[PDB]
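Below are the chains, spelled out letter by letter.
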Amino acid sequence: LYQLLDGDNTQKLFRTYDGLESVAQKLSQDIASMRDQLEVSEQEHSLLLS
Amino acid sequence: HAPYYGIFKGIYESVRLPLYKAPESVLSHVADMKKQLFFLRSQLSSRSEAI
Amino acid sequence: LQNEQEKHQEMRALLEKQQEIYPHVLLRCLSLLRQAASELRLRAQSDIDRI
């Protein structure tokens, strides 16, 4: 689950459970932030069209 | 009753996996969330190039 | 539910393609109207009417 979330990129000698929850929260925030950026891009495109 | 239940509950709330779901569905759900993130990245790149 | 999620993605991809094409059609129409206004009305016709 940690490998699925953070990839192989972090050579963290120790994986923690707080670290697992943090990377899970980050995936959820990255999806939310990309939806918000897409919605801003839709508004900009709608304003250009108008 | 597992001492780790409080931690996995926080992970399920973070990944938006319902508590009634099978525990084997967790890795498959996170893999589909990563697929969704990659799709939204492609979509934003397309739309920014079109603008 | 799965079929309606697939239909959602397919309609969204079709919507995004039409959103890319529509501004370019409007820009071509604006270009033709600008040519009619600047080259024909303000210049070529104005010179005809003076003479």
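What counts, and where the lines are drawn
- Residues numbered from 1 in each chain as written, not as in the entry; some residues may be left out.
- Chains lettered and ligands numbered in written order.
- Part of a larger assembly, values for the part shown.
- Heavy atoms only, no water.
- Helix = DSSP H or I, 4+ residues; strand = E, 2+ residues; numbered from the N terminus.
- Rg over C-alpha atoms; globule rule 2.2 N^0.38 Å.
- Areas by Shrake-Rupley, 256 points an atom, 1.4 Å probe, with all protein chains shown as cover.
- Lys, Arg positive; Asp, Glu negative; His and termini not counted.
- Charge placed at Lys NZ, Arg CZ, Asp CG, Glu CD.
- Core = buried A, V, L, I, M, F, W, Y, C linked by side-chain atoms within 4.5 Å.
- Buried < 20%, exposed > 50% of the residue type's maximum accessible area, 1.4 Å probe, protein only.
- Contact = heavy atoms within 4.5 Å.

Listed as the method for this PDB entry is cryo-EM; the listed resolution is 6.88 Å.

The name that the PDB entry assigns to chain B is HAUS augmin-like complex subunit 5, with the source organism given as Xenopus laevis. Per the PDB header, the title for this entry is "Structure of the vertebrate augmin complex".

As named in the PDB entry, chain A is HAUS augmin-like complex subunit 3, taken from Xenopus laevis.

Enquirer: Help me understand the overall build of chain B, please; the structure alone is not making it clear to me.
Expert: A tally of regular secondary structure across chain B gives 2 helices and 0 strands. The C-alpha radius of gyration computed for chain B amounts to 16 Å, which surpasses the reference 10 Å derived for 51 residues by more than 25%, pointing to a less compact arrangement than a globule. Total accessible area on chain B is roughly 3900 Å²; 58% of this is exposed by carbon and sulfur atoms. Computed over 7 positive and 4 negative side-chain charges, the separation of the two mean positions in chain B equals 4 Å.

Enquirer: Could you clarify how one ought to interpret the nonpolar core in this entry?
Expert: Nonpolar side chains in soluble globular proteins tend to be buried together. Grouped together as the largest cluster of nonpolar side chains are 16 residues, with contacts concentrated most on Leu5, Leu27 and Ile31 of chain A together with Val15 of chain B. Looking at this core, the elements that each hand over two or more residues are α1 (2-6) and α2 (17-49) of chain A together with α2 (26-50) of chain B. The leading source of residues in this core is α2 of chain A, at 7 residues. Every residue in contact with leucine 27 of chain A, bar those within four places of it in the chain, is listed here: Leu5 of chain A together with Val30, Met33, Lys34 and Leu37 of chain B.

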